[PDB]
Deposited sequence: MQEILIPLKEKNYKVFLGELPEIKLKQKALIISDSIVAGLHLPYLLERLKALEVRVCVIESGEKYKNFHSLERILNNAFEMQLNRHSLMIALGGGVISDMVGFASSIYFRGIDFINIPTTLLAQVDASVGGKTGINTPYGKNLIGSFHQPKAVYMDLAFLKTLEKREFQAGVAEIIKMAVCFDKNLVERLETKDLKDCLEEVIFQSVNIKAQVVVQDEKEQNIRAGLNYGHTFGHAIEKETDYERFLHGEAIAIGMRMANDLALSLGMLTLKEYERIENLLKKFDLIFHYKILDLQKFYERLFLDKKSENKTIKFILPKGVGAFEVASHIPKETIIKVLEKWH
């Protein structure tokens, strides 16, 4: 069991989920898929005054006020107070909704994150950045609310679909190319099946030191791909995978990355089978990044002439 610390709360827990002892009532919030796979795993180890379950339907489209209201109403129905706890058993969609629901319920109550997806373990459960989607855009209504404790177990990752798993892997490389050169070297040489525990541990420490601009590597182009397709074609991690390549073309054109650096990142994406032919944040090196702003339109078009 590995315990990464932050500033100056709280405590992340890598490894098997331990026996959680609580002296107050707890509300578990999960999705339709996770509740039929990993809810027996949590309720086997949970001890509290009263435990009730609220289930949101699986999907990004359910990340709204309607589901947020349901989480709040379930907390009101079992009469939760200022000493109560909310438990998030799911991906980034669940953890953001529960964290925002707990922040506004009785002006702020404790909540615990137990991420199931690879992306949520390496990014979403860390930081306290919570929110919901609105008709005006994604994640524009939210709050900064830090969880009491984060529990990361590799057992939840085994039930994930390979396409959803690889989408999380593309997000790990994204953080590696901009922050940690040592994580790149691990992904280049070592097989992920043999060092999954070591990869996440390094990925969490990146986000722990972060908690910012830099995690948006391949997001400016990746957002544009999802807005043109639309969200019917690619998963978020797949769109960033193409977005990183588009960002690498702009970084090579501006003289930020060398030809060998451009190939090195693209070879690592090829190693994990993350090349997808379709159809602002750029690296200054393998393990570093720079913020580019005032870039000529013709330089962008020259990069956009690659499609790809």
property: Where the deposited sequence has no C-alpha coordinates (positions from 1, in order); result: 1 to 3, 215 to 223, 292 to 314
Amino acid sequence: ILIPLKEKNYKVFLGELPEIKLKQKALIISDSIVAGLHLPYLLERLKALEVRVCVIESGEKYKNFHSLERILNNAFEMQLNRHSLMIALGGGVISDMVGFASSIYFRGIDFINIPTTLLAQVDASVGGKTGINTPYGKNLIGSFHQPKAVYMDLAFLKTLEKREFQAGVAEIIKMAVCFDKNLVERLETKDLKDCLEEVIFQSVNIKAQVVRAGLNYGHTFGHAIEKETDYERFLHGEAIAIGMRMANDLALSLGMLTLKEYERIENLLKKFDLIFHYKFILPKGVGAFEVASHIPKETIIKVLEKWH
From here on, numbers count along this sequence of modelled residues.
{"query": "Mean temperature factor over C-alpha atoms, higher-scoring stretch between 21 to 29 and 8 to 16", "finding": "8 to 16"}
{"query": "Mean C-alpha B-factor comparison - 88 to 96 and 128 to 136, higher one", "finding": "128 to 136"}
{"query": "Selection from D123, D110, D180, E232 [criterion: highest C-alpha temperature factor in the record]", "finding": "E232"}
{"query": "Candidate set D194, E171, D153, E77 [ranked by C-alpha B-factor, highest]", "finding": "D194"}
{"query": "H223, C-alpha B-factor rank within chain (lowest, middle or highest third)", "finding": "highest"}
{"query": "Chain third (lowest, middle, highest) by recorded CA B-factor, residue given as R186", "finding": "middle"}
{"query": "Record-listed C-alpha B factor of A101: chain third", "finding": "lowest"}
{"query": "Third of the chain's Cα B-factor distribution that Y41 belongs to, per the entry", "finding": "middle"}
{"query": "Chain thirds of CA B-factor: placement of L282", "finding": "middle"}
